[PDB]
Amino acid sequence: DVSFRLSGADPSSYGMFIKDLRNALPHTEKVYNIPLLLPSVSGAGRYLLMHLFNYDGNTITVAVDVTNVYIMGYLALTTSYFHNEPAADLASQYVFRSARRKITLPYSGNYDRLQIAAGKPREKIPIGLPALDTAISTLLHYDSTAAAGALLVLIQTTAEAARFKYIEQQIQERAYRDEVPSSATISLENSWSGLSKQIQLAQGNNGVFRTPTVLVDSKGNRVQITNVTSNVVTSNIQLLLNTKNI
């Protein structure tokens, strides 16, 4: 398990949580010196439990699938919640079995459904440590519309940050003031799968991408990532989605 307390949290204790979250995800191989996540994991070992604690010390346990960093559900008090999709339904067989009741949310977990349910594209939803403390708080009591927005916050803070050092740094900058994500944050979120595959394909292709990945940069404009010498590859991405899952 890993853990994070919003109470007293600063850029460094968050950095330390995001480190632990990365280091909880098993791998047997590194590709260009980036942990390569497993094809699959059987049984309960598939699921990492994150204990998040709001500013007041109230808590939720989030279940994360260690092959893709995908959040499947969480436990609030004696109620478990899960996204409405086959992979979360599977997870429900392994985690939080002692919850008094299980609610299945009325959406799946992908950004497009969550945004629909939230009424907002995540370009318009502030994130940061304060947004994360709100989200923990929201998810403590079932409200499906408000949960969708909180889950957007939760996914980007925790999973998207473990995936990209850049997104981790963005959150750190938003330690005490939330702010909507940069376009490059959005770009990086939406290319994880694409990058993970091109980095794996570069391995028999002299570091060169079979297909270039188009991002948006820090500056605020469009760029093509064509090989493993890119900053995106050499310092930004921290985890690879195995091509066996793409």
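The first residue of the shown sequence is 1; numbering continues from there.
> Could you settle it for me: does 91 to 99 or 153 to 161 have the higher average Cα B factor in the PDB entry?
Looking at the recorded C-alpha B-factors, 91 to 99 comes out higher on average.
> Quick one: higher average CA temperature factor, 214 to 222 or 186 to 194?
Per the PDB entry, the higher value belongs to 214 to 222.
> Sorting the chain's CA B-factors, does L36 end up in the lowest, middle or highest third?
According to the entry, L36 has a C-alpha B-factor in the chain's middle third.
> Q238's Cα B-factor: lowest, middle or highest third of the chain?
As the PDB entry reports it, the C-alpha B-factor of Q238 lands in the lowest third of its chain.
> Report the third (lowest, middle or highest) to which the CA temperature factor of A202 belongs, ranking only the modelled residues of the same chain.
It falls in the top third of the chain.
> Hey, what third does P121 fall into on Cα B-factor, ranked over its chain?
According to the entry, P121 has a C-alpha B-factor in the chain's highest third.
> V69's Cα B-factor: lowest, middle or highest third of the chain?
Within its chain, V69 is a lowest-third residue by C-alpha B-factor, going by the deposited values.
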